[PDB]
Amino acid sequence: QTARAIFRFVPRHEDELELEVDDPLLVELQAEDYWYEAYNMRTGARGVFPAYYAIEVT
Amino acid sequence: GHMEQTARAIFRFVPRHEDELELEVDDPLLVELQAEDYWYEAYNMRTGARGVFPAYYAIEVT
Ligand SMILES: OC[C@H]1O[C@H](O[C@H]2O[C@H](CO)[C@@H](O)[C@H](O)[C@H]2O)[C@H](O)[C@@H](O)[C@@H]1O
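Protein chains in written order, with the entry's author numbering: chain AAA, 491 to 548; chain BBB, 487 to 548.
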């Protein structure tokens with residue numbers, strides 16, 4: 491699934507992904523807690539973030 | 487200065503990390519914005535829990 495960061499996200503935890511507004515992401519929703527596992531296509535970084543910081547694109 | 491403020495959870499937040507604060511929608515919170523990453527240090531006034539959450543998941547009410 492592809493998505494776009496709708497808000498800036500600065501990690502507090504090492505497993506997290508830094509997001510800038512409008513970063514294109516490849517994304518798997520983790521249904522147990524509504525975090526995304528993500529790849530930031532701008533930065534090449536991989537990590538998790540809380541799902542409400544991005545929206546799915548089609 | 488980012489002074490303490492009253493807030494409400496606008497989204498459900500389930501921790502992945504031990505230092506995090508569980509939110510339910512419309513939880514009243516006492517909140518101090520941490521400027522280095524825009525996480526809130528927070529007290530959940532419903533649950534009595536202490537912890538951090540990302541700022542987008544609540545709205546200031548003061
Ligand atoms: O006497 C302790 C400090 O009290 C104030 O700080 C608290 O209250 C503030 C106003 O609501 C908050 O912004 C802050 O988060 C609290 O620590 C005061 O501002 C400080 O100068 C005092 O040292």
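Built from N, CA and C at the ideal position, the CB exists for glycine as well.
Sorry if obvious, but does the Cβ on residue i come closer than 6 Å to a heavy atom of ligand 3?
i: AAA/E508; result: The model depicted lacks ligand 3 and carries ligand 1 instead.
Per DSSP, what kind of secondary structure is residue i in: helix, strand or coil?
i: AAA/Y543; result: helix
i: AAA/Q491; result: coil
i: AAA/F499; result: strand
i: AAA/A521; result: coil
i: BBB/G537; result: strand
i: BBB/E506; result: strand
Considering only C-alpha positions, which residue in the set the options is nearest to residue i?
i: BBB/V517; options: BBB/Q491, BBB/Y524 and BBB/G487; result: BBB/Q491
i: AAA/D523; options: AAA/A541, AAA/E506, AAA/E546 and AAA/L507; result: AAA/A541
Short of 6 Å in beta carbon distance, which residues of its chain neighbour residue i, apart from the five on each side in sequence? Order them along the chain.
i: BBB/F497; result: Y543
i: AAA/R532; result: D513
i: AAA/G534; result: none
i: AAA/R536; result: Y529
Among the residues of its own chain, which have a CB less than 8 Å from the CB of residue i, if the five just before and after it don't count?
i: BBB/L509; result: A495, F497, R498, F499, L515, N530, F539, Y543 and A544
Any residue whose CB is nearer than 6 Å to a heavy atom belonging to ligand 1, listed in chain order: BBB/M489, BBB/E490 and BBB/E518
Chain-ordered residues of the segment 511 to 527 of chain AAA with a beta carbon less than 7 Å from chain BBB: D523, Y524 and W525
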